[PDB]
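Just the one chain here, the form solved without the ligand, laid out as structure tokens.
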């Protein structure tokens, strides 16, 4: 059972124009088996477009590569991101938590996706009653990107709806 290829891909932005298929592969093979690795180039000049893609054999290998950031590739710090499902944010909306879900429920669950900086459990402006949704802010976008591709999120026995949240 192979994970869908789309979930095993990293877009790599900010490449040095001297990075090649081969040097990008040599770099990112340190964190897993690469089934594909390409530098995007102009069709006429062959000059690099400054970005590429790598595809790992498993999602755990994608995780390993993201956890090894920052990546300096051929002398330049590059910008890896998981393929789109890019709206790059650090904050999620968590809905369906009802009125019994507390901060530690959200923290104990979401801390395994990334480092949490803010948890905001929403309350009614007039009564102070919990409204049944929350916002979690992380220190980095990959946490959110991992979270929103999951089909399900179970927190405090609730099946939650989780979406990217923007400013």
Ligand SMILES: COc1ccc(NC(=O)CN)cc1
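Positions refer to the first chain, counted from 1.
A second form of this protein, the form solved in complex with the ligand, is not displayed here; the remarks below concern that form.
Enquirer: Quick one: the ligand borrowed from its pose in the deposited complex and superimposed here by the pocket C-alphas, is it open or blocked (3 or more atoms within 2.4 Å of backbone/C-beta)?
Expert: Open, per the superposed partner pose.
Enquirer: So, residue 29 and the ligand: in the deposited complex, are they within 4.5 Å at any heavy atom pair?
Expert: Residue-level check for residue 29: no, no contact with the ligand.
Enquirer: Using heavy atoms and a 4.5 Å limit, would one call residue 36 a contact residue for the ligand in the deposited complex?
Expert: No, residue 36 is distant from the partner.
Enquirer: Given a 4.5 Å distance limit between heavy atoms, list every residue of 101 to 133 close to the ligand in the deposited complex, or none if there are none.
Expert: Heavy-atom contacts to the ligand in the deposited complex: 111, 112, 113, 114, 115.
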